[PDB]
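S.K.: I'd like to ask you about the structure that follows.
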Amino acid sequence: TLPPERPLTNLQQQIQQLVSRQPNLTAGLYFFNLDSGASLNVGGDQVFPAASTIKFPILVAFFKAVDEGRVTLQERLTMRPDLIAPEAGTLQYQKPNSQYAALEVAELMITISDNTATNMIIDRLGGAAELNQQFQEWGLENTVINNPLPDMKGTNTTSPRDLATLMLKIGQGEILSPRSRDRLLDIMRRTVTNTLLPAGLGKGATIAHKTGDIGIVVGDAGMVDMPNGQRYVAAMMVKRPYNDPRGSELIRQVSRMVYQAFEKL
Ligand SMILES: *C(=O)[C@@H](NC(=O)Cc1ccccc1)[C@@H]1N[C@@H](C(=O)O)C(C)(C)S1
């Protein structure tokens, strides 16, 4: 049974003052404590370019198909010329029309944010329209795939609240089977990009999450277990001038602020 949302007004005001004083940054964030109900929403409902954070919803859709016998973990996926994308990933250096186990592809999509792997999954699951429908079914309202990855131009959309609320659902054991849930959380704890939200956590805390960076937007979303027994979900997105370190630093500062507040409470 999940407590009622209970906004920490004072922490929320502090965070609001911190984001608003940064010229040329536009930030949105949502945190929810599963034990206390403590919430923070500073622009958490606003729509952002998703960047790679969209790979987290695609992962859930993947495992949904597995659960429903529509995809198998071991079946061979083809890296067709038309699925090959630049930027992050290792699959792009392999021979065109070589093949990979579906689970290997799904893992690469998340752990190293492989854009080729991602377009292979989007294709395997029936395309952008099909996935968009699924996202709406889960209550994601502004989570929308418009173009293939890496989508440098920022056309694919989501919201901090969408990303956190899906993770809350998964955390509480909704949508996916037990086995698929536990696989997804394992995968999400082995990403190589841990410089945003995890950088604000204290010693011994763990986090399942997924980052995104297209230069003009940086973000991160997932779920934190604190050594005191507490759990919360977290999502933050920042619009910035191209590669501005201040955008990434802001995410660390807000992560730190929230983590420390929950230790006190
Ligand atoms: C998703 O946003 C992806 N971004 C890109 O491919 C563009 C890019 C930007 C900077 C360096 C390399 C590639 C992938 N996800 C982000 C992320 O998870 O933060 C990466 C930087 C890993 S690439």
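Chain labels follow the order of the structure tokens: the first chain is A, the next B, and so on; residue numbering restarts at 1 in every chain, and ligands are counted from 1 in their shown order.
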Can you pull out every residue within 8 Å of residue 215 of chain A, counting only C-alpha atoms, but drop anything in the same chain fewer than 6 positions away, and send it as an NGL selection string?

M.R.: :A and (240-244)

S.K.: DSSP on the backbone, strand (DSSP E) only: what residues of segment 71-251 of chain A does that give? Format it as an mmCIF file with C-alpha atoms, in the first residue's frame.

M.R.:
data_model
loop_
_atom_site.group_PDB
_atom_site.id
_atom_site.type_symbol
_atom_site.label_atom_id
_atom_site.label_comp_id
_atom_site.auth_asym_id
_atom_site.auth_seq_id
_atom_site.Cartn_x
_atom_site.Cartn_y
_atom_site.Cartn_z
ATOM 1 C CA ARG A 76 18.353 -13.748 -33.352
ATOM 2 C CA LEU A 77 17.870 -10.069 -34.256
ATOM 3 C CA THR A 78 19.411 -8.674 -37.514
ATOM 4 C CA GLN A 99 22.755 -11.108 -35.862
ATOM 5 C CA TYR A 100 22.510 -10.846 -32.059
ATOM 6 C CA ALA A 101 20.441 -12.501 -29.290
ATOM 7 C CA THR A 157 9.535 13.385 -25.934
ATOM 8 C CA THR A 158 8.914 12.486 -22.263
ATOM 9 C CA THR A 206 22.034 1.820 -4.780
ATOM 10 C CA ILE A 207 20.265 3.068 -7.912
ATOM 11 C CA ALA A 208 18.627 1.515 -10.997
ATOM 12 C CA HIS A 209 18.492 4.267 -13.678
ATOM 13 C CA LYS A 210 18.963 5.464 -17.257
ATOM 14 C CA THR A 211 20.659 8.670 -18.495
ATOM 15 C CA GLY A 212 20.261 10.820 -21.670
ATOM 16 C CA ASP A 213 22.476 13.486 -23.312
ATOM 17 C CA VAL A 217 19.322 18.328 -23.160
ATOM 18 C CA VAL A 218 20.821 16.207 -20.278
ATOM 19 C CA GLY A 219 18.842 13.981 -17.877
ATOM 20 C CA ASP A 220 18.525 10.868 -15.676
ATOM 21 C CA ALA A 221 15.717 8.851 -14.087
ATOM 22 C CA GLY A 222 15.311 5.824 -11.824
ATOM 23 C CA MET A 223 14.973 4.328 -8.296
ATOM 24 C CA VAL A 224 17.088 4.750 -5.083
ATOM 25 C CA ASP A 225 17.431 2.421 -2.061
ATOM 26 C CA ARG A 231 13.203 3.942 -1.271
ATOM 27 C CA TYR A 232 12.387 6.727 -3.674
ATOM 28 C CA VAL A 233 11.933 7.311 -7.408
ATOM 29 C CA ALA A 234 13.701 10.236 -9.110
ATOM 30 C CA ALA A 235 13.668 11.982 -12.494
ATOM 31 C CA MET A 236 15.288 15.178 -13.742
ATOM 32 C CA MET A 237 15.703 16.790 -17.152
ATOM 33 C CA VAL A 238 17.719 19.939 -18.010
ATOM 34 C CA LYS A 239 17.668 22.061 -21.188
#

S.K.: Check the smallest atom-to-atom distance from each of A:56, A:32, A:93, A:62 to ligand 1 using only C-alpha atoms and all ligand atoms, then report the winner.

M.R.: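 Nearest candidate to ligand 1 out of A:56, A:32, A:93, A:62: A:56.
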
S.K.: Rank A:83, A:60, A:73, A:51 by their smallest atom-to-atom distance to residue 145 of chain A, using only C-alpha atoms, and report the top residue only.

M.R.: A:51

S.K.: With ligand 1 as the partner and 9 Å as the cut-off, tabulate the residues of chain A that qualify, each row holding the nearest pair of atoms and their distance in Å to one decimal, using only C-alpha atoms and all ligand atoms, sorted by chain and rising number, as JSON lines.

M.R.:
{"residue": "A:50", "atom": "CA", "partner": "ligand 1", "partner_atom_place_in_ligand_line": "2 (O)", "distance": 7.6}
{"residue": "A:51", "atom": "CA", "partner": "ligand 1", "partner_atom_place_in_ligand_line": "2 (O)", "distance": 4.0}
{"residue": "A:52", "atom": "CA", "partner": "ligand 1", "partner_atom_place_in_ligand_line": "1 (C)", "distance": 3.3}
{"residue": "A:53", "atom": "CA", "partner": "ligand 1", "partner_atom_place_in_ligand_line": "2 (O)", "distance": 6.7}
{"residue": "A:54", "atom": "CA", "partner": "ligand 1", "partner_atom_place_in_ligand_line": "1 (C)", "distance": 8.4}
{"residue": "A:55", "atom": "CA", "partner": "ligand 1", "partner_atom_place_in_ligand_line": "1 (C)", "distance": 8.4}
{"residue": "A:85", "atom": "CA", "partner": "ligand 1", "partner_atom_place_in_ligand_line": "6 (O)", "distance": 8.9}
{"residue": "A:86", "atom": "CA", "partner": "ligand 1", "partner_atom_place_in_ligand_line": "6 (O)", "distance": 7.3}
{"residue": "A:87", "atom": "CA", "partner": "ligand 1", "partner_atom_place_in_ligand_line": "6 (O)", "distance": 4.5}
{"residue": "A:88", "atom": "CA", "partner": "ligand 1", "partner_atom_place_in_ligand_line": "6 (O)", "distance": 4.5}
{"residue": "A:89", "atom": "CA", "partner": "ligand 1", "partner_atom_place_in_ligand_line": "23 (S)", "distance": 7.7}
{"residue": "A:110", "atom": "CA", "partner": "ligand 1", "partner_atom_place_in_ligand_line": "18 (O)", "distance": 8.2}
{"residue": "A:111", "atom": "CA", "partner": "ligand 1", "partner_atom_place_in_ligand_line": "18 (O)", "distance": 8.5}
{"residue": "A:112", "atom": "CA", "partner": "ligand 1", "partner_atom_place_in_ligand_line": "22 (C)", "distance": 6.0}
{"residue": "A:113", "atom": "CA", "partner": "ligand 1", "partner_atom_place_in_ligand_line": "14 (C)", "distance": 4.8}
{"residue": "A:114", "atom": "CA", "partner": "ligand 1", "partner_atom_place_in_ligand_line": "14 (C)", "distance": 6.9}
{"residue": "A:115", "atom": "CA", "partner": "ligand 1", "partner_atom_place_in_ligand_line": "6 (O)", "distance": 6.5}
{"residue": "A:149", "atom": "CA", "partner": "ligand 1", "partner_atom_place_in_ligand_line": "6 (O)", "distance": 7.5}
{"residue": "A:150", "atom": "CA", "partner": "ligand 1", "partner_atom_place_in_ligand_line": "6 (O)", "distance": 5.0}
{"residue": "A:151", "atom": "CA", "partner": "ligand 1", "partner_atom_place_in_ligand_line": "2 (O)", "distance": 8.0}
{"residue": "A:152", "atom": "CA", "partner": "ligand 1", "partner_atom_place_in_ligand_line": "7 (C)", "distance": 6.4}
{"residue": "A:191", "atom": "CA", "partner": "ligand 1", "partner_atom_place_in_ligand_line": "18 (O)", "distance": 8.4}
{"residue": "A:192", "atom": "CA", "partner": "ligand 1", "partner_atom_place_in_ligand_line": "22 (C)", "distance": 7.7}
{"residue": "A:193", "atom": "CA", "partner": "ligand 1", "partner_atom_place_in_ligand_line": "18 (O)", "distance": 6.0}
{"residue": "A:194", "atom": "CA", "partner": "ligand 1", "partner_atom_place_in_ligand_line": "19 (O)", "distance": 8.6}
{"residue": "A:195", "atom": "CA", "partner": "ligand 1", "partner_atom_place_in_ligand_line": "19 (O)", "distance": 8.8}
{"residue": "A:196", "atom": "CA", "partner": "ligand 1", "partner_atom_place_in_ligand_line": "19 (O)", "distance": 8.8}
{"residue": "A:210", "atom": "CA", "partner": "ligand 1", "partner_atom_place_in_ligand_line": "18 (O)", "distance": 6.5}
{"residue": "A:211", "atom": "CA", "partner": "ligand 1", "partner_atom_place_in_ligand_line": "18 (O)", "distance": 4.0}
{"residue": "A:212", "atom": "CA", "partner": "ligand 1", "partner_atom_place_in_ligand_line": "2 (O)", "distance": 3.7}
{"residue": "A:213", "atom": "CA", "partner": "ligand 1", "partner_atom_place_in_ligand_line": "2 (O)", "distance": 4.0}
{"residue": "A:214", "atom": "CA", "partner": "ligand 1", "partner_atom_place_in_ligand_line": "7 (C)", "distance": 4.6}
{"residue": "A:215", "atom": "CA", "partner": "ligand 1", "partner_atom_place_in_ligand_line": "9 (C)", "distance": 5.9}
{"residue": "A:217", "atom": "CA", "partner": "ligand 1", "partner_atom_place_in_ligand_line": "2 (O)", "distance": 8.4}
{"residue": "A:218", "atom": "CA", "partner": "ligand 1", "partner_atom_place_in_ligand_line": "19 (O)", "distance": 7.0}
{"residue": "A:219", "atom": "CA", "partner": "ligand 1", "partner_atom_place_in_ligand_line": "19 (O)", "distance": 7.2}
{"residue": "A:220", "atom": "CA", "partner": "ligand 1", "partner_atom_place_in_ligand_line": "19 (O)", "distance": 7.7}
{"residue": "A:243", "atom": "CA", "partner": "ligand 1", "partner_atom_place_in_ligand_line": "10 (C)", "distance": 8.2}

S.K.: Can you tell me, as number ranges by chain, which residues in segment 119-222 of chain A count as helix (DSSP H, G or I) by DSSP?

M.R.: A: 119-124, 128-137, 160-171, 178-188, 197-200

S.K.: Next, the residues of the selection above should be written as a compact mmCIF listing (two decimals), in the first residue's frame with N, CA and C atoms.

M.R.:
# COMPACT_ATOMS: atom_id res chain seq x y z
N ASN A 119 17.37 0.98 -32.02
CA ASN A 119 16.51 0.97 -33.22
C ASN A 119 16.14 -0.47 -33.60
N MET A 120 17.00 -1.44 -33.31
CA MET A 120 16.64 -2.85 -33.54
C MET A 120 15.48 -3.27 -32.64
N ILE A 121 15.53 -2.94 -31.35
CA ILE A 121 14.40 -3.24 -30.45
C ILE A 121 13.11 -2.51 -30.90
N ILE A 122 13.19 -1.22 -31.23
CA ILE A 122 11.96 -0.47 -31.60
C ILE A 122 11.26 -1.13 -32.81
N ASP A 123 12.08 -1.54 -33.77
CA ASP A 123 11.65 -2.30 -34.93
C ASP A 123 11.08 -3.67 -34.58
N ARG A 124 11.78 -4.43 -33.72
CA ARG A 124 11.32 -5.76 -33.33
C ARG A 124 9.96 -5.71 -32.62
N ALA A 128 7.40 2.58 -33.82
CA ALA A 128 7.16 3.74 -32.98
C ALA A 128 5.69 3.91 -32.59
N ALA A 129 4.76 3.71 -33.54
CA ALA A 129 3.31 3.86 -33.29
C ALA A 129 2.80 2.86 -32.24
N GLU A 130 3.24 1.62 -32.37
CA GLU A 130 2.89 0.53 -31.46
C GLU A 130 3.36 0.80 -30.02
N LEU A 131 4.65 1.16 -29.88
CA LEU A 131 5.23 1.55 -28.61
C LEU A 131 4.55 2.77 -27.98
N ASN A 132 4.27 3.80 -28.78
CA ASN A 132 3.52 4.99 -28.33
C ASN A 132 2.19 4.66 -27.68
N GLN A 133 1.46 3.72 -28.28
CA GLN A 133 0.18 3.20 -27.78
C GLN A 133 0.35 2.53 -26.42
N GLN A 134 1.31 1.61 -26.35
CA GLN A 134 1.72 0.97 -25.07
C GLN A 134 2.06 1.94 -23.91
N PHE A 135 2.84 2.97 -24.23
CA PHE A 135 3.20 4.02 -23.27
C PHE A 135 1.98 4.74 -22.70
N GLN A 136 1.02 5.06 -23.57
CA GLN A 136 -0.25 5.70 -23.17
C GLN A 136 -1.06 4.78 -22.27
N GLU A 137 -1.04 3.49 -22.58
CA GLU A 137 -1.70 2.47 -21.74
C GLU A 137 -1.16 2.48 -20.32
N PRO A 160 9.61 14.36 -16.73
CA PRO A 160 10.16 13.74 -15.53
C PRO A 160 9.13 12.91 -14.79
N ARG A 161 7.91 13.42 -14.66
CA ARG A 161 6.85 12.67 -13.97
C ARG A 161 6.53 11.31 -14.62
N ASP A 162 6.45 11.26 -15.95
CA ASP A 162 6.33 9.99 -16.71
C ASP A 162 7.39 8.97 -16.38
N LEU A 163 8.65 9.39 -16.40
CA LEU A 163 9.78 8.48 -16.18
C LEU A 163 9.76 7.92 -14.75
N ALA A 164 9.48 8.78 -13.76
CA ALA A 164 9.47 8.36 -12.35
C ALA A 164 8.27 7.48 -12.01
N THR A 165 7.14 7.81 -12.61
CA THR A 165 5.90 7.09 -12.31
C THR A 165 5.98 5.66 -12.93
N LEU A 166 6.51 5.54 -14.15
CA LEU A 166 6.76 4.19 -14.67
C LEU A 166 7.70 3.41 -13.74
N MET A 167 8.75 4.07 -13.23
CA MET A 167 9.68 3.33 -12.35
C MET A 167 9.02 2.95 -11.02
N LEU A 168 8.13 3.81 -10.54
CA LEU A 168 7.33 3.51 -9.33
C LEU A 168 6.45 2.28 -9.56
N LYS A 169 5.81 2.21 -10.74
CA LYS A 169 4.97 1.07 -11.13
C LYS A 169 5.78 -0.23 -11.14
N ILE A 170 6.90 -0.21 -11.85
CA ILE A 170 7.82 -1.36 -11.91
C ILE A 170 8.36 -1.77 -10.50
N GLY A 171 8.87 -0.78 -9.77
CA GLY A 171 9.25 -0.96 -8.36
C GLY A 171 8.26 -1.69 -7.49
N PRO A 178 7.50 -11.04 -12.22
CA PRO A 178 8.63 -11.03 -11.27
C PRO A 178 10.01 -11.22 -11.91
N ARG A 179 10.13 -12.24 -12.76
CA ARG A 179 11.38 -12.56 -13.43
C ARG A 179 11.89 -11.43 -14.34
N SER A 180 10.99 -10.88 -15.16
CA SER A 180 11.31 -9.80 -16.09
C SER A 180 11.64 -8.47 -15.36
N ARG A 181 10.87 -8.17 -14.29
CA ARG A 181 11.15 -7.07 -13.37
C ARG A 181 12.60 -7.13 -12.87
N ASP A 182 13.00 -8.29 -12.37
CA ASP A 182 14.29 -8.43 -11.71
C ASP A 182 15.44 -8.34 -12.71
N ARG A 183 15.21 -8.84 -13.93
CA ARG A 183 16.15 -8.66 -15.04
C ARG A 183 16.35 -7.23 -15.43
N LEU A 184 15.25 -6.51 -15.59
CA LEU A 184 15.30 -5.09 -15.91
C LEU A 184 16.06 -4.28 -14.86
N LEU A 185 15.79 -4.53 -13.57
CA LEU A 185 16.48 -3.79 -12.51
C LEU A 185 17.99 -4.14 -12.44
N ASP A 186 18.34 -5.40 -12.69
CA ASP A 186 19.74 -5.79 -12.76
C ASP A 186 20.45 -5.00 -13.87
N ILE A 187 19.94 -5.10 -15.09
CA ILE A 187 20.43 -4.33 -16.27
C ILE A 187 20.61 -2.82 -15.96
N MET A 188 19.56 -2.18 -15.45
CA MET A 188 19.58 -0.77 -15.06
C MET A 188 20.56 -0.37 -13.93
N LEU A 197 22.50 11.65 -11.33
CA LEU A 197 21.85 11.28 -10.07
C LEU A 197 22.69 10.44 -9.08
N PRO A 198 23.39 9.37 -9.54
CA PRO A 198 24.21 8.59 -8.57
C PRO A 198 25.31 9.35 -7.86
N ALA A 199 25.84 10.38 -8.52
CA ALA A 199 26.86 11.26 -7.94
C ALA A 199 26.38 12.12 -6.75
N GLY A 200 25.07 12.20 -6.52
CA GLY A 200 24.54 12.91 -5.35
C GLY A 200 24.15 12.03 -4.19

S.K.: Could you tell me which of A:229, A:127, A:57, A:245 comes closest to residue 109 of chain A if we count only C-alpha atoms?

M.R.: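 Closest to residue 109 of chain A of all the choices is A:57.
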
S.K.: Excluding same-chain residues fewer than 6 positions from residue 37 of chain A, what lies within 6 Å of it counting only C-alpha atoms, as an MDAnalysis selection string?

M.R.: chainID A and resid 3:6

S.K.: Counting only C-alpha atoms, which of A:176, A:38, A:58, A:125 gets nearest to residue 70 of chain A?

M.R.: A:125

S.K.: Using only C-alpha atoms, which of A:29, A:22, A:126, A:74 sits nearest residue 105 of chain A?

M.R.: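 Among the listed residues, A:74 lies closest to residue 105 of chain A.
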
S.K.: Pick the closest to residue 246 of chain A from A:24, A:90, A:142, A:230: which is it, counting only C-alpha atoms?

M.R.: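 Ranking A:24, A:90, A:142, A:230 by distance to residue 246 of chain A, first place goes to A:24.
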
S.K.: At what distance in Å, to one decimal, does atom CA of residue 39 of chain A lie from atom CA of residue 8 of chain A?

M.R.: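 One can read the atom CA of residue 8 of chain A to atom CA of residue 39 of chain A distance as 6.1 Å.
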
S.K.: Would you mind reading off the distance between atom CA of residue 10 of chain A and atom CA of residue 204 of chain A, one decimal, in Å?

M.R.: 26.8 Å
